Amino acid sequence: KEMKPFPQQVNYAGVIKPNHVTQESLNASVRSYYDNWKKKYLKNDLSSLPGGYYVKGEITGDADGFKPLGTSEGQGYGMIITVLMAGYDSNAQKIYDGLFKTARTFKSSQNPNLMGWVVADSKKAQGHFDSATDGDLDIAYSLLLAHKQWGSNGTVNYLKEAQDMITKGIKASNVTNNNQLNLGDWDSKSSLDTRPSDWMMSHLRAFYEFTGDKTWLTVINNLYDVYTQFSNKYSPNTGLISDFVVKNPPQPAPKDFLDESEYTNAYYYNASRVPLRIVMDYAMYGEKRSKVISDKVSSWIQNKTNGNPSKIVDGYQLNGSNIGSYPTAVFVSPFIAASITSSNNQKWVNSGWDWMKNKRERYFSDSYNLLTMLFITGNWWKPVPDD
């Protein structure tokens, strides 16, 4: 009953795939990576929610006295991965519906159309936590994929669930009056605080195509404006953006923003995800502003590393100075993805593929590496409202 079974192995206009191996090799690498990811991270052991699934994060410490097991961010990653692997994993729909059960049971304490950001094995946690924008973005987008994979005439009306989450959830709570995306449903409607890894341009395009609400296009265009307004001043040579961005005109967040890290003003663990989220817009929708941003970052990192992906480190100041020390896939793999819009990057893309295809480390890097591998092999297909 899959209408888009793995592997869809699509060919987006103007983008290259790794070409030193066959497509069957690329698909086999993705299948193996998924089987290992699923074994290590996909869980269905919530005593407080039989039938609920989640993705096991690490997460040090407690969250409001609860022991955090996963987040809405990982829930969204897992839900996208699961729908895309349908046709290989015969339990994909059961897993997806179980992830959705968790997402709606652990609803946000603020906007109940969203997911609260922490999964913990307690009925008290179900409805206790507020939302985080990126988790709900990936969850809502995954519902569009589910609609196109299985149709919406079964137990879960995926399209209606998507439309409600997009409109009553994300637009209502996270689209700001300044046409940005705020940090979560606890943040204000007039907030100028934003996390650029939430600027999931290609998801926002799909939201527009499946709701017809032009708000999404207004946000896309404005966020491209913001990216350029920020980078021309703060990263004119590298093209990078910081983990968090504040104020108008946009500027790097201060250090220790939200107590996340000393490097919230820099290209750190949140922003490492940006180059994938941006490049997908060029690949799936032909957006030239995405190619411009992607080529600038790709050229910078290739020169920085002398064409060696293993020389990428886990964090950079906006001027390109090293913060990190070692190559991890949440940084490496999006830099490879950013490189796919120019054919003269072929060798670099091939080297990046060899680096990432078997690279297993921990939840955050592995989950984002799998999303990136799905995308760069053509196996993340585009949901379209019909034929």
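The numbering used is simple: start at 1 and walk along the sequence shown.
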Hey, which bit's got the bigger mean C-alpha B factor in the entry, 81-89 or 237-245?
237-245
As stated in the PDB record, which stretch has the larger average Cα B-factor, 228-236 or 187-195?
228-236
From 133, 142, 176, 303, which pick has the Cα B-factor that tops the rest in the entry?
303
Between 67, 38, 362, 31, which one tops the list for Cα B-factor in this entry?
67
Report the third (lowest, middle or highest) to which the CA temperature factor of residue 353 belongs, ranking only the modelled residues of the same chain.
middle
Place residue 263 in the lowest, middle or highest third of its chain's C-alpha B-factors, as listed in the PDB entry.
middle
Tell me, lowest, middle or highest third: where does the Cα B factor of residue 284 rank within its chain?
highest
So, residue 295's CA B-factor, relative to its chain, sits in which third? The highest
For residue 314, the third of its chain into which the C-alpha B factor falls
middle
